[PDB]
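Presented below is the structure to which this report refers.
Order of the sequence lines fixes the chain letters, A, B, ..., with proteins taken first and strands second; residue numbering starts at 1 for each chain. These numbers come from the heavy atoms of this one structure, side chains and all, not from hydrogens, waters or symmetry mates.
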Amino acid sequence: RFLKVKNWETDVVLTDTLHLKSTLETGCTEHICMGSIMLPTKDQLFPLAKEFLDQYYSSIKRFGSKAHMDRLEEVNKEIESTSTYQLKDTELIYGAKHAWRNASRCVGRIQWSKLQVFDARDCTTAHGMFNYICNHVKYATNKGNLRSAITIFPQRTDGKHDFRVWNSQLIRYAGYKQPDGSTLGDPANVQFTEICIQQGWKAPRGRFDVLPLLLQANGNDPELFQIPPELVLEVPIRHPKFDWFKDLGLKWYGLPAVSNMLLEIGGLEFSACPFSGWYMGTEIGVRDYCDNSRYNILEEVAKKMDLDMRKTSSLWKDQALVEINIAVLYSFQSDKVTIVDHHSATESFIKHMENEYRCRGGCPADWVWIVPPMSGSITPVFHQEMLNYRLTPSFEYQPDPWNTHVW
Amino acid sequence: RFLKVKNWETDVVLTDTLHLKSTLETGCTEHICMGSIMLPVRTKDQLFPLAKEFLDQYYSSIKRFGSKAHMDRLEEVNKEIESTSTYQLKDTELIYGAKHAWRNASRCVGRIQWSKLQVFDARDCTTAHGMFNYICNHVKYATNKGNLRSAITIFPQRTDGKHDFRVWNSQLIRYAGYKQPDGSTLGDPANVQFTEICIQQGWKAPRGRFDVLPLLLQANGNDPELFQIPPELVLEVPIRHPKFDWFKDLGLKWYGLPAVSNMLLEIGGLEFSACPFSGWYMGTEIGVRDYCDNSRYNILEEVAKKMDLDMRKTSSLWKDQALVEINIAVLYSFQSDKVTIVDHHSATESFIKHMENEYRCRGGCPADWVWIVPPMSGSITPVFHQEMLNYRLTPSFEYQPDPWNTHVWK
Ligand code: HEM
Ligand code: HEM
Ligand SMILES: N=C(NCCC[C@H](N)C(=O)N[C@H]1CN[C@H](C(N)=O)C1)N[N+](=O)[O-]
Ligand SMILES: N=C(NCCC[C@H](N)C(=O)N[C@H]1CN[C@H](C(N)=O)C1)N[N+](=O)[O-]
Ligand SMILES: C[C@H](O)[C@H](O)[C@H]1CNc2nc(N)[nH]c(=O)c2N1
Ligand SMILES: C[C@H](O)[C@H](O)[C@H]1CNc2nc(N)[nH]c(=O)c2N1
Ligand SMILES: [Zn+2]
């Protein structure tokens with residue numbers, strides 16, 4: 001059926017048909033919605049490859065052409081002979097860009113077409129991966145003028161020769177469980193921070209220690225590598241009015257780079273495909289700094305501001321939250337490091353949504369993830385009905401490597 | 001089938017079995033989620049089974065399932081339906097049904113209070129004047145001079161669909177809205193259409209910024225009638241700030257009693273089209289939505305100016321800063337005038353405790369994440385980190401089309 005999506009702030013109604021092309025399951029049913037759940041053969045391969053190629057040739061205005069038929073049959077024969085196939089560079093680039101385009105949880109998709117794709121399919125060792133990663137980090141960082149990019153390592157074969165980046169993000173801070181029972185550094189990485197130790201790393205036992213890369217090539221055991229400190233751009237956090245802010249000793253990295261997801265293109269699976277863009281202010285100030293299970297710094301900032309913390313009704317938590325986020329955006333803009341505020345980011349997404357509806361007939365979006373973690377209703381996306389569904393190519397979650405690896 | 005729900009902040013995992021008793025559809029499919037969509041005369045046939053389900057639930061609740069009383073009631077109702085095409089609920093069943101419709105309301109964060117609902121039986125009402133009296137008594141009871149008490153008033157159920165009882169107002173108390181020929185709006189933009197209907201029906205509008213609308217009441221399917229709610233019964237709170245003396249000069253105020261009056265209460269197959277209910281406000285409803293929505297009073301700018309914030313670039317978060325102070329103002333004003341109100345931190349914390357309790361004693365708690373998470377400071381409230389399952393259980397409250405779109409004028 002043809003579904004319609006309305007914006008209750010502007011009355012604008014959009015009709016969605018793109019969902020009719022969805023193939024994967026959402027996790028919901030006619031009786032139950034699981035919209036807030038974080039994680040809901042040669043015979044299988046060709047139809048997938050066919051699906052992909054058809055849309056590829058359709059995008060290049062050559063659907064049903066000789067070239068299309070030729071390619072479709074070449075891949076077909078290749079699969080029947082090699083149980084798999086290889087994507088042309090042009091197809092790989094198209095696929096990576098569309099996987100981003102179809103990422104329902106990403107609010108920054110208005111940038112989808114500008115993706116720089118690095119073909120790392122000729123890689124064979126961990127030192128090789130380290131080289132490709134350093135180059136990606138340096139390219140995307142661009143002295144502070146961040147550029148979107150993704151590096152694609154060799155596709156899956158027999159499931160035993162998988163390339164995998166063990167880190168969840170190329171750049172993250174370590175976490176250590178102290179005697180006090182408390183946590184030093186980022187609590188979210190405690191476990192990983194230990195697998196590094198349990199592997200050889202020499203943790204400076206610090207609050208903000210950039211973790212090392214744990215690279216896995218061809219299924220072998222992962223190796224560690226220190227990212228050239230000179231390549232890891234960091235920003236000191238200070239408030240544009242509270243001189244005492246710098247005394248908190250807070251800093252964060254400028255390059256957000258997810259490295260544990262799986263890129264699926266035409267049936268082929270790329271288990272190591274780290275990608276990076278740039279931060280939206282709230283990701284750091286609200287989630288990394290204020291989540292109770294993270295650096296949880298609200299009380300500290302609350303105290304230094306001297307606001308009544310006796311009653312929650314004084315909204316001291318809210319007041320403190322705003323100041324921390326103003327500081328983050330100020331520190332990044334002052335160090336000339338790319339970053340976008342939730343107001344600007346959400347405005348762009350709405351524009352992107354309208355473009356996608358009139359050009360592709362729709363745009364899968366996960367409201368739960370798209371609406372910012374603070375000031376939700378004062379951003380335009382809060383009032384925008386959204387339809388979530390899965391389209392391929394796509395980025396998927398996958399089990400951690402240390403829970404499936406056979407040393 | 002068992003369904004696990006996890007809180008990523010506490011790692012506490014809960015198991016849901018209650019969904020197995022869900023019957024109504026959600027709108028979602030196995031290929032698409034419609035979780036963020038605002039809006040996703042029965043026959044004797046589909047009536048007794050609906051009646052049976054409810055009665056079994058009721059007798060099981062009082063530990064009398066299978067009792068002679070339980071069996072006799074089923075026979076009584078069956079005979080009634082086949083004999084008259086419908087049936088009448090006993091007072092006890094109505095109270096149980098009303099409380100559970102609230103308990104099952106997936107979009108309500110105030111459910112920890114469900115068992116404390118005061119139910120007023122207005123099923124003997126026959127005229128609009130009759131309805132007005134019942135509503136006035138409800139408003140006075142619930143207000144209780146500022147110490148708000150939850151309540152619901154239930155008018156006669158639907159019969160053939162042509163004698164419906166309806167409260168045309170969306171809320172018992174709301175401010176009028178007026179569109180100016182220059183395109184601007186005086187008052188609350190959200191109530192312009194209804195305000196026009198009221199004027200056309202003869203209401204003499206004072207055309208101000210905060211004029212309490214009159215009640216438009218429909219009884220027995222007849223044309224609706226206008227009634228002014230006694231001013232002395234409408235509790236209002238002047239909004240001021242604890243530190244900003246200029247805030248009060250913004251001339252802002254709001255009523256203390258939120259009273260939804262356009263929903264349909266479904267109990268055991270019976271439909272009650274007029275069932276106004278009220279509780280008390282959570283601060284953000286007024287401060288964030290009624291005052292700051294671009295399509296409502298939209299006071300962000302004026303407030304940001306007076307605070308002299310840097311409004312040249314959004315990156316200064318002047319909207320966020322102004323938003324917090326306005327919400328501080330709302331909470332402070334209500335508490336000072338001793339009118340019940342709850343902040344979002346307290347309300348969401350209570351909901352989490354309610355939800356965990358329900359999972360243990362009931363086996364589940366349907367919840368709509370999109371609606372439960374507050375419209376400001378989302379992630380610093382426990383609910384943001386709580387996975388929730390949304391499904392429909394009956395008794396329940398449902399939306400129904402606006403009466404002016406379906407009413408046959410006499
Ligand atoms: C251009 C700048 C970009 C911005 C402003 C942006 C912003 C966002 C934000 C705010 C989120 C939510 C993060 C979280 O809460 O964990 C997100 C998620 C995501 N983005 Fe983007 N993004 C950008 C670039 C990218 C790129 C380059 C790709 C891939 C090629 C991408 C793929 C995704 C995916 C797959 C998710 C969901 C990840 C998950 O489930 O953890 N994004 N993005
Ligand atoms: C004790 C005070 C109560 C509080 C703090 C509370 C709070 C809330 C809030 C914050 C919402 C969302 C409002 C919106 O964004 O439009 C809501 C919705 C709702 N509540 Fe409660 N509530 C309370 C009492 C009640 C009562 C007495 C009932 C019924 C007997 C009830 C039934 C519902 C329903 C059905 C909805 C959804 C209405 C809609 O879809 O517009 N609530 N409540
Ligand atoms: N802006 C981002 N954001 C995505 C990565 C940063 C994000 N703030 C983060 O820490 N994501 C983690 C933590 N929670 C997610 C999960 N799925 O559990 C992954 N990416 N980009 O390429 O520009
Ligand atoms: N706290 C409430 N809140 C619900 C009523 C107030 C709410 N803020 C409101 O104005 N609801 C309207 C506007 N949006 C809803 C809709 N369905 O479109 C109804 N109720 N209570 O019983 O205590
Ligand atoms: C339980 C709930 O799904 C979870 O807390 C989600 C909510 N929305 C989110 N939205 C974004 N962007 N990022 C997140 O990590 C989350 N967490
Ligand atoms: C489109 C989206 O569903 C809509 O804006 C919803 C979001 N969450 C909400 N949550 C509450 N409590 N109240 C609302 O009116 C809404 N509006
Ligand atoms: Zn759903």
Side-chain angles (χ1 to χ4, degrees), chain A residues 3 5-6 8-10 19 22-38 281 286-287 290-293 298 312-315 317-319 321-322 325-326 329-330 333 341 343-344 365-368 371-378 382-390, chain B residues 3 5-6 8-10 19 22-38 283 288-289 292-295 300 314-317 319-321 323-324 327-328 331-332 335 343 345-346 349 368-370 373-380 384-392:
Chain A
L3 298 170
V5 172
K6 175 183 183 179
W8 299 85
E9 188 198 308
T10 64
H19 74 286
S22 171
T23 187
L24 306 179
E25 297 179 60
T26 61
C28 299
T29 70
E30 292 187 58
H31 297 302
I32 195 172
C33 177
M34 301 194 104
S36 67
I37 304 302
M38 200 88 83
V286 189
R287 306 309 306 292
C290 297
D291 259 30
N292 290 315
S293 68
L298 278 182
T312 60
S313 58
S314 70
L315 310 192
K317 277 187 175 179
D318 309 73
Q319 286 180 298
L321 184 65
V322 183
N325 281 83
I326 278 180
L329 294 177
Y330 174 76
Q333 299 187 314
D341 64 273
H343 296 290
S344 170
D366 183 341
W367 197 97
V368 175
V371 177
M374 74 171 269
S375 293
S377 67
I378 60 179
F382 180 91
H383 307 274
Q384 178 69 55
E385 295 191 329
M386 299 178 192
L387 289 175
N388 194 199
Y389 48 89
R390 311 166 70 192
Chain B
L3 291 175
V5 148
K6 177 179 180 175
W8 297 80
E9 183 174 52
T10 58
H19 72 290
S22 175
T23 178
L24 306 179
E25 293 174 355
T26 65
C28 301
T29 69
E30 305 190 297
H31 290 301
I32 191 172
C33 181
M34 307 223 295
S36 73
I37 304 304
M38 197 82 82
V288 179
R289 308 302 306 289
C292 300
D293 263 30
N294 288 321
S295 307
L300 276 182
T314 58
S315 58
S316 64
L317 303 190
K319 279 191 174 178
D320 310 68
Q321 288 184 284
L323 189 60
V324 178
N327 279 83
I328 286 176
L331 290 166
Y332 175 73
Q335 300 174 319
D343 63 277
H345 295 299
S346 296
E349 183 175 359
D368 186 333
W369 197 96
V370 173
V373 178
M376 78 173 249
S377 300
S379 72
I380 59 175
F384 183 91
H385 310 279
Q386 184 67 60
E387 297 188 324
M388 294 174 206
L389 290 178
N390 195 189
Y391 48 91
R392 293 163 57 187

How many angstroms lie between atom CD1 of A/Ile326 and atom CG of B/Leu317, to the nearest 0.5 angstrom? 5.0 Å
Which of A/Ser293, A/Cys33, A/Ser314 touches chain B most, by non-hydrogen pairs under 4.5 Å: A/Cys33
Distance (rounded to the nearest 0.5 Å) between A/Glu25 CD and B/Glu30 CD: 5.5 Å
Contacting moiety of B/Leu24, where chain A heavy atoms sit under 4.5 Å: backbone
If I compare all heavy atoms of A/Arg287 with all of B/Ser379, which pair ends up nearest, and what's the gap? CD-OG, 3.7 Å
For chain B, which of A/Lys6, A/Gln384, A/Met38 has the most heavy-atom pairs under 4.5 Å? A/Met38
What's the separation between atom OG1 in A/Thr26 and atom NE2 in B/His31, rounded to the nearest 0.5 Å? 8.5 Å
A/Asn388, part contacting chain B, at a heavy-atom distance under 4.5 Å: both
Under a 4.5 Å heavy-atom cutoff, which of A/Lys317, A/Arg390, A/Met34, A/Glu9 has the most pairs with chain B? A/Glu9
Does any heavy atom of chain B fall under 4.5 Å from the side chain of A/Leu329, the backbone, both, or neither of them? side chain
If we count only N and O atoms by modelled type, under 3.5 Å, do the side chains of A/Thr312 and B/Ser346 hold a donor and an acceptor together? yes
Rounded to the nearest 0.5 Å, the CE atom of B/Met38 sits from the NE2 atom of A/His383 at a distance of 9.0 Å
Taking side chain as everything from C-beta outward and backbone as N, CA, C, O, which of these in B/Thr23 sits under 4.5 Å from a heavy atom of chain A? Side chain, backbone, both or neither. backbone
Just so I understand: if I count every heavy-atom pair under 4.5 Å between each of A/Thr29, A/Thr10, A/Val5 and chain B, which residue has the most? A/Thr29
Is any side-chain heavy atom of B/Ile32 closer than 4.5 Å to one of A/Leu3? yes
As an exercise, state the distance from OH of A/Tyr389 to SG of B/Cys28, rounded to the nearest 0.5 Å. 14.0 Å
Under 4.5 Å heavy-atom distance to chain A, tell me which part of B/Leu323 shows up: side chain, backbone, both or neither. side chain
Which atoms of A/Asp291 are under 4.5 Å from chain B, going by heavy atoms: the side chain, the backbone, both sets, or neither? side chain
Side chain, backbone, both or neither of B/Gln335 within contact of chain A (heavy atoms, under 4.5 Å): side chain
B/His19, part contacting chain A, at a heavy-atom distance under 4.5 Å: side chain
Donor-acceptor contact present, side-chain A/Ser313 to main-chain B/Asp343, <3.5 Å: no
Heavy-atom pairs under 4.5 Å with chain B - which of A/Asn325, A/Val371, A/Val286, A/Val322 has more of them than the others? A/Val322
Would you kindly say whether B/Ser377 and A/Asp318 are connected by a side-chain donor-acceptor distance under 3.5 Å? yes
